[PDB]
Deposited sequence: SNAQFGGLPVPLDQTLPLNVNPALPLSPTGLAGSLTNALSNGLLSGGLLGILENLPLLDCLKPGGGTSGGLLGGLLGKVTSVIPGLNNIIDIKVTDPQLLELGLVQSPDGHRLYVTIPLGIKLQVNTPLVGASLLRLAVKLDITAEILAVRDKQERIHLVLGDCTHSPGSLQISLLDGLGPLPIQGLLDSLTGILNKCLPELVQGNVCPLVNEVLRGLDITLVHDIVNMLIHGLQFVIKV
């Protein structure tokens, strides 16, 4: 159904994000990089035996976007709610240790800026993980390992999602429908409010 800019922008973004192979990106997040003591050297030095930890990611999720327009009408902030499942494993004995639910929000800032030669550009300014949005939740005295783990995932990972997802956001933005972009730009640059 046809609608104003705010709601057009919302679906255009969802669609691009999905079609641009988000979900895939979320499913291939290099999580074992959140782990890089020397008890790791011991496993890597006994041939025929390694990695007593592994993390496969499952069930990527994009929830519905969210839109806010700055008070001076010059700025948009998109909220991008994400969700993954985490299965913590150990190849050595071969059984699941933890299955975890993780939710998280990226927010992208959208700007119009008039250049040098009287052109206007639609730009992705800031694009961060949203502080306070990281939320782990559990699905054998694992709690020693749970609180060590969910602790680790708290500065590593939001910066990891951010780094993997924002470039896609950058891409979906530029690839947007030309008239939609042209309309958005001219409302943002003139402070005209459309988001509601």
| query | finding |
| --- | --- |
| Missing residue ranges, deposited sequence indexing starting at 1 | 1-26, 63-73, 177-181, 239-240 |
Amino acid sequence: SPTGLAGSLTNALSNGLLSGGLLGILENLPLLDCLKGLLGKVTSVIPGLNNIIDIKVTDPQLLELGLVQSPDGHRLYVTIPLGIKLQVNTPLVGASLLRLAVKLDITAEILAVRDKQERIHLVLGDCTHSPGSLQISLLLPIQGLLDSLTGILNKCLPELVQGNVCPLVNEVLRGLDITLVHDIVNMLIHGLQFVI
From here on, numbers count along this sequence of modelled residues.
{"property": "93-101 set against 79-87, stretch whose average Cα temperature factor tops the other in the entry", "result": "93-101"}
{"property": "Stretch with the greater mean C-alpha B-factor as recorded in the entry, comparing 130-138 against 164-172", "result": "130-138"}
{"property": "Cα B factor band for residue 69 (lowest, middle or highest third within the chain)", "result": "lowest"}
